[PDB]
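*Asks:* Got a sequence here, can you build the structure:
(chains A, B and C, ligands or ions: 1)
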There are 2 protein chains.
Amino acid sequence: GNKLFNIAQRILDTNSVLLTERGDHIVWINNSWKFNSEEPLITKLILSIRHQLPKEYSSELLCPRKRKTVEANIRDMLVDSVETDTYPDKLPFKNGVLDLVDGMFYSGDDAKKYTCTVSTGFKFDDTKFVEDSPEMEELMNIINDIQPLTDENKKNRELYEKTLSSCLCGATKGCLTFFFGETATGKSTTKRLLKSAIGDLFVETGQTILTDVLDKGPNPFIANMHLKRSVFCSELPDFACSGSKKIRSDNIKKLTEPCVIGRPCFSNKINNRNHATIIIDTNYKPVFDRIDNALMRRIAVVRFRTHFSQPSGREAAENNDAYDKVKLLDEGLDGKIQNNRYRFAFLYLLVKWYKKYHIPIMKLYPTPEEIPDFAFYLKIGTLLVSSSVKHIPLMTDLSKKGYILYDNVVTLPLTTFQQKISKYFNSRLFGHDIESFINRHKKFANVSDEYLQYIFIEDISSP
Amino acid sequence: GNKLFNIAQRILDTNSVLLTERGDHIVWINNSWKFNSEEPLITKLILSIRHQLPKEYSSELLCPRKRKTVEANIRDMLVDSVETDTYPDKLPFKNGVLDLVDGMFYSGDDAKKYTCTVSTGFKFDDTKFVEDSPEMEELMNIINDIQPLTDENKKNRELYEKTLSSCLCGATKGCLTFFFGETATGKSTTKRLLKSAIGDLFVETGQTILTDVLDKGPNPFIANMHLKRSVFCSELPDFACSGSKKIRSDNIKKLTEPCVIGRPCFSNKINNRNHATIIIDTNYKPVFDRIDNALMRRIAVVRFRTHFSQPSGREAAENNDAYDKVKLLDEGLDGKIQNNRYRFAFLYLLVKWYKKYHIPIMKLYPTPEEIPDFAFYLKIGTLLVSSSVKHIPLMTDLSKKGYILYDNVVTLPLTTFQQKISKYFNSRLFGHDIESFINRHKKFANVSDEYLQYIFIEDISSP
DNA sequence: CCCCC
Ligand SMILES: Nc1ncnc2c1ncn2[C@@H]1O[C@H](COP(=O)(O)OP(=O)(O)OP(=O)(O)O)[C@@H](O)[C@H]1O
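*Replies:* Residues are numbered from 1 along each chain as shown, chains lettered A, B, ... in the order given. And now the structure:
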């Protein structure tokens, strides 16, 4: 009995509705997996696949009440969760899945085995996914204008290519990249090109994810990054002028983890999967509230140094020290990019870069030598080291150099340490930094009298 | 009559739905005591159980309306409230429960009597639960490298072993474990190994729980210790910097209490049971403003004295004092531990350590000596003893020494006390301790008079 | 329920 129960069982036997570990209901319609808590996806699937059931079952599914009964039966039948979005080298489209390691495009049940629950939102066109075209030469000219193929720009260009290509691989990336440069240098053009290329896998959020508390309450600004392969933030302010909050290192470290806590309004799903490449456009370098060794492992910088100016302001730009090259501005390029002219050309370029930079494992490495905020830590980290045991047979040398021994621990006088620091970094130049380092790296032998359990590398080098 | 009432009664006879003190229901589907406030779990269980009922009842449960009526009956029958997680010698694994006292593993229905809602998160395998393993040998070698098996490095090893074994205890512990050391001392890799070994029973929280109010408003960090056998803290804010908040001895005592304060968001069930031992990882000595016998009974310290470094910097690493023994670092160890390679060997190691520590009671013990902050408290407790009239039979000796009889009590002037202490503990080297003593125990009987209501142990011993 | 506070 229960024709409706039989219909629900038949639909469940097709493996077209699945329950995820988070609590979602993903359905397979029109050659793609979709989930949406606001749309009647299960009844949509029932109506869509009414054609694959017997003729006596097809006519029963034209009634919304009966479709809702079938949906209730299916919901009670789904008891086990599944693992979704586990292939980091598959790019999902609206009509199939592209193999990023092989170049094969799968449609239908071939693409169904990879439970890719997101998509670009548009259809793959193999007649445009071609190497040579009128659009490809123009796109290559644009890219070579933005990032010149010169010898002094080799490393920066390769880093730019790697960062752009990493927006295809759906895994957790462990760095935050900063597109730094002066005005009119191509950063927004690059952003728009990437958005056109990867479609719905691209999202843009606010600086609140960098300068606010992520726990909070309902946070759609974080909940909108679930499974996105690229996240953009833009327009960092100048932190030198007091009045702007600094970037939270806690947020920076929390954004590189495989899961991020944040939930929408009227929703109970708090944890989102992190597959994102986070890129920040800025005219100014970042300043963080607190600097430590971990934070320095998650920051990378790509610099833009080509100006596109109108003919009136070309001469003033040619004498600027923030530009290496000046080019003529193009006034139709924005519209051409907006109309998705270079979508498949840039997609092909990104796939080629993915192949080139995906030597067995692809990983993003930090560039801490570019951020001025990290210079004080980087310099002093190679000059002073903790107490020494194998250098214990040098206590006479330490005493002659000014150090003292206390429980076989090297201690330096505060005044002597200040005088030594003044040589490498002037007091007038970095008094706040030197005083903070003295107060932070030193232990308190008393309320007033204290000592630093850190000796200079050069002092120990002296025999 | 009321066939649906009969069905509900028969389902209730199987003890598959229970009502917990938190207000929610727990159901037994697919061999797991699972609960949800968002899923139709009771109707799912009804549809699954329908096979066990008679034939005339089985065809009744194919209608969602009938299942809803049966659910209404079943949840109107549930009047008595029960409790979960009542057994401390059991480990819940994804497909059963392992017994600590008996060394037996029960699968399927045999795990039903144990109302365990949380689990480690990996299937229990008997074949890999063996001693003849190539993995346990390398694991023991790595553990020996991190903690040398020597007389000088024995107390630290014992404390480390007890802290690791505490995660298998299903009870409340009053001690908080601390990891102290230098860079690459094994703390992070030990944390990774423990996370791999215990699966979902490990949570990581920032520094908010330590440097903020534990209750405050919403405290997800505090609430995450709810049935979390291990709590981790990383990148602690060293106290040498001036202008940072402090960890509270009141918070330490609250964590030592058998139910720590903590609630989830939009919730009132703050009475969350505590089976947690907190592991705090840092690199600098903590500073506590108020230090006393109560705080000294709830503070544990474990110090690392090893370092692995590159061969180019191997001699420089061996030079340092923070490394008792210096070895050569292996870069693949990170991936090896992140891949959960030695999970069964580590689990058997912890089980064997628990068997060695199988005393009816297994309680953690503070190690206040290691922390440099508690040295002053040890000196004060061993030297500063309250003195007053109850030992009146020393008046002649006090007059001979130079003291006075204030109602036949033992007291010394503040200036005299400072002059006497100047020989033992330097005033410049004990300024904070002297100020605290003067503010606390320097009791006087007059506004202008200066006296202290205590005498040194030497003054007590010598008449 | 969010927002508001
Ligand atoms: N290769 C190119 N050749 C000619 N014109 C270009 C080229 N790339 C970009 N342009 C144009 O020159 C200007 C460059 O400004 P664009 O918005 O790209 O960068 P930006 O000012 O650095 O960005 P942001 O919005 O982050 O400040 C735009 O008007 C753009 O259309």
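*Asks:* Which residues of chain A lie near the ligand?
*Replies:* Taking CB under 6 Å from any ligand atom, the part of chain A that reaches the ligand is made up of A:142, A:145-146, A:181, A:183-189, A:281, A:308, A:327, A:329-330, A:333-334. For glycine as for every other residue, the C-beta is placed from the backbone atoms N, C-alpha and C.
*Asks:* just the buried members of these?
*Replies:* Buried members of those, counted by 16 or more other CB atoms under 10 Å in any protein chain shown: A:142, A:145-146, A:181, A:184-187, A:189, A:281, A:308, A:327, A:333.
*Asks:* In strands, which of those appear?
*Replies:* Where these overlap with strands, as defined by DSSP state E, the overlap consists of A:181, A:281, A:308, A:327.
*Asks:* Pull the most distant pair out of the residues you listed.
*Replies:* A:281 and A:327 (19.6 Å; CB to CB).
*Asks:* Now the two most distant members of the buried ones among the residues of chain A next to the ligand.
*Replies:* Greatest spatial distance among those (CB to CB): A:281 and A:327, at 19.6 Å.
*Asks:* Now for residue A:428, how many residues are close by?
*Replies:* Around residue A:428 there are 7 other residues, counting by other CB atoms under 10 Å in any protein chain shown.
*Asks:* ok so it is a strand residue?
*Replies:* No - assessed with DSSP: H, G, I helix; E, B strand; the rest coil, residue A:428 is helix; it does not lie in a strand.
*Asks:* And it, how close does it get to residue A:434?
*Replies:* In this view, residue A:428 and residue A:434 are 11 Å apart by CB to CB, to the nearest Å.
*Asks:* Next: residue A:398.
*Replies:* In this structure, residue A:398 lies at 22 Å from residue A:434, with CB to CB as the measure.
*Asks:* Residue A:149 now?
*Replies:* The gap separating residue A:149 from residue A:434 is 43 Å, by CB to CB.
*Asks:* Also residue A:246?
*Replies:* Distance from residue A:246 to residue A:434, by CB to CB: 21 Å.
*Asks:* who has more neighbours, these two?
*Replies:* Comparing residue A:246 with residue A:434 by neighbour count (other CB under 10 Å), the higher total belongs to residue A:434, at 20 against 14.
*Asks:* And the more buried one, which helix or strand is it part of?
*Replies:* In the assignment (DSSP states H and E), residue A:434 maps to helix A:427-441.
*Asks:* Can I get that helix in PDB, CA atoms only?
*Replies:* Written as PDB, here are the backbone C-alpha positions of helix A:427-441 (Å, rounded to 0.1, in the frame of the first residue of the first chain):
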ATOM      1  CA  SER A 427      66.600  56.100  20.200                       C
ATOM      2  CA  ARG A 428      65.000  59.100  18.400                       C
ATOM      3  CA  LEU A 429      64.000  56.800  15.600                       C
ATOM      4  CA  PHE A 430      62.500  53.900  17.500                       C
ATOM      5  CA  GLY A 431      62.200  54.700  21.200                       C
ATOM      6  CA  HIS A 432      58.800  53.300  21.500                       C
ATOM      7  CA  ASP A 433      59.800  50.000  19.800                       C
ATOM      8  CA  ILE A 434      63.000  49.700  21.800                       C
ATOM      9  CA  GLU A 435      61.300  50.400  25.100                       C
ATOM     10  CA  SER A 436      58.500  47.900  24.300                       C
ATOM     11  CA  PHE A 437      61.000  45.200  23.300                       C
ATOM     12  CA  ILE A 438      63.000  45.900  26.600                       C
ATOM     13  CA  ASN A 439      59.800  45.600  28.700                       C
ATOM     14  CA  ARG A 440      58.500  42.600  26.800                       C
ATOM     15  CA  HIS A 441      61.500  40.300  26.300                       C
END
